[PDB]
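**Q** Can you keep this structure in mind? I'll have questions shortly.
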Amino acid sequence: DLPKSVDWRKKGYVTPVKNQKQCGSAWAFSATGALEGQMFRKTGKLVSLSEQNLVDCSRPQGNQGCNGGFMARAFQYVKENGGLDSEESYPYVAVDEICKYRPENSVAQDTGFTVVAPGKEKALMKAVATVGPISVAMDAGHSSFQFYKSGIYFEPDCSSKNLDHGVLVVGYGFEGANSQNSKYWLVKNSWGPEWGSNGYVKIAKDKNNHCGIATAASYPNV
């Protein structure tokens, strides 16, 4: 009984597209994006969250800052730390720096996170429909993705198991009148608004877990 389409951007859950620049911090942007949606669902206030706070401070939890990391380890950091600072108060500079977490500037918290049944696009569809934006890993390691500009993205060389890039599923939809025709996942990237379609990409949906979008999906518990 899930909706034919979902787009959380239309309900105020999603901040404008950000840019990680030359830092392997996509996992931090995916995590802040999912926490931004859950915090909005809880309080009605959309507050941009600090990726730099995660880059600089979550090494104990197993992240490696600009050398990579994982969204579940970032949600683990926010839980163990008791908070996460706003983007305004702890700005992004795209380089590993000293941890400067300030509890008085915290605007978010989580108690851990929930994992979507791995490899199941229908499970991911249910989480997107009932929770809000969901953090996901994908295989983005292709020039077709770097130069992606519009339309549904399908890449034959995509893997659903060996992934390399965290992104945020903000909804799903279809092209035209038939809800089961030309389906896609609405994905927010962190390569800036100029990349792709206003910083977003439509990834083919119900095409065998294309690019691994439902392989490692999760969301923070607020």
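Just so you know, we're using PDB author numbering here: the sequence shown kicks off at 1 and counts up by one.
All residues carry an ideal CB built from backbone N, CA and C; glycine is no exception.
#1: Would you call the stretch 118-135 and the stretch 162-173 in contact, with 3 or more CB pairs under 8 Å?
#2: Among residues of its own chain, excluding the 5 on either side of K183, which ones have a beta-carbon nearer than 6 Å to its beta-carbon?
#3: Ordered along the chain, which non-local residues of its own chain (more than five positions away) have a Cβ less than 7 Å from that of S106?
#4: Determine, using beta carbons only, whether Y219 and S135 come nearer to each other than 8 Å.
#5: Please go through the stretch 41-82 and give each complete alpha helix (DSSP H) segment of 4 or more residues, from N-terminal end onward.
#6: Hey, could you find the ends of the alpha helix (DSSP H) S143 is sitting in?
#7: Check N19 in the structure and name its three-state DSSP category.
#8: In whole angstroms, what separates the C-alpha of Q64 from that of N178?
#9: With 16 as the cutoff for other CB atoms within 10 Å, does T32 come out buried or exposed?
#10: Put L124 into one of helix, strand or coil per three-state DSSP.
#11: Return helix, strand or coil for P103, following the three-state DSSP convention.
#12: Just reading off the beta strand (DSSP E) that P220 is part of, what are its end residues?
#13: For a test of the three-state rule: what should DSSP assign to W191, helix, strand or coil?
#14: Taking C-alpha atoms, which residue in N198, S144 and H210 lies nearest to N162?
#15: So, are the CB atoms of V222 and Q61 less than 8 Å apart?
#16: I134 lies in the beta strand (DSSP E); which residues open and close that run?
#17: Just how far apart, CA to CA, sit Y148 and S48?
#18: Rounded to a whole number of angstroms, what is the C-alpha to C-alpha distance between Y13 and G44?
#19: Spatial neighbours of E36 within its chain, please: CB distance less than 6 Å, with the 5 preceding and 5 following residues excluded, ordered by chain position.
#20: State the DSSP-derived secondary structure class of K161, mapped to helix, strand or coil.
**A** Looking at the atomic coordinates:
#1: yes
#2: Counting from 1 along the sequence shown, the entry for residue 183 is found at position 183. Cβ within range, chain order: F174, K205 and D206.
#3: To locate residue 106, count along the sequence shown from 1; it is residue 106. Excluding sequence neighbours, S106 sits near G83, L84 and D85.
#4: As a first step, residue 219 is located in the sequence shown; it is residue number 219 there, counting from the start. As a first step, residue 135 is located in the sequence shown; it is residue number 135 there, counting from the start. Result yes, Cβ atoms of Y219 and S135 sit closer than 8 Å.
#5: Counting only runs of 4 or more residues that sit fully inside the stretch 41-82, the alpha helix (DSSP H) segments are 51-57 and 71-81, in chain order.
#6: As a working note, residue 143 is residue 143 in the sequence shown. Note, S143: alpha helix (DSSP H), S143 to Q146.
#7: Mapped onto the sequence shown, residue 19 falls at position 19. The answer is strand: DSSP assigns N19 an E or B state.
#8: Translated into positions along the sequence shown, residue 64 becomes position 64. Translated into positions along the sequence shown, residue 178 becomes position 178. One C-alpha to the other measures close to 44 Å.
#9: As a working mapping, residue 32 is identified with position 32 in the sequence shown. When all chains shown are included, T32 counts as buried.
#10: On the sequence shown, residue 124 is found 124 positions in, with the first residue counted as 1. Note: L124 maps to helix in three-state DSSP.
#11: Walking along the sequence shown from the start, residue 103 turns up at place 103. DSSP places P103 in helix when its eight states are reduced to three.
#12: For the purposes of this step, residue 220 is taken as the residue at position 220 of the sequence shown. Its beta strand (DSSP E) spans residues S218 to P220.
#13: Locating residue 191 in the sequence shown gives position 191, where the first residue counts as 1. Residue state, collapsed to three classes: strand.
#14: On the sequence shown, position 162 is the one that residue 162 refers to. The option with the nearest alpha carbon to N162 is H210.
#15: On the sequence shown, position 222 is the one that residue 222 refers to. On the sequence shown, position 61 is the one that residue 61 refers to. Cβ atoms of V222 and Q61: not closer than 8 Å.
#16: Position 134 of the sequence shown, counted from the first residue, corresponds to residue 134. Start and end: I134 to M138.
#17: By one-based count along the sequence shown, residue 148 stands at place 148. By one-based count along the sequence shown, residue 48 stands at place 48. Their Cα atoms are separated by approximately 26 Å.
#18: Translated into the one-based positions of the sequence shown, residue 13 becomes position 13. Translated into the one-based positions of the sequence shown, residue 44 becomes position 44. C-alpha separation (whole angstroms): 9 Å.
#19: Taking the sequence shown and counting its residues from 1, one reaches residue 36 at position 36. In chain order, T15 and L49 place their CB closer than 6 Å to the CB of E36, counting only its own chain and leaving out the 5 sequence neighbours on each side.
#20: Locating residue 161 in the sequence shown gives position 161, counting from the first residue. Coil.
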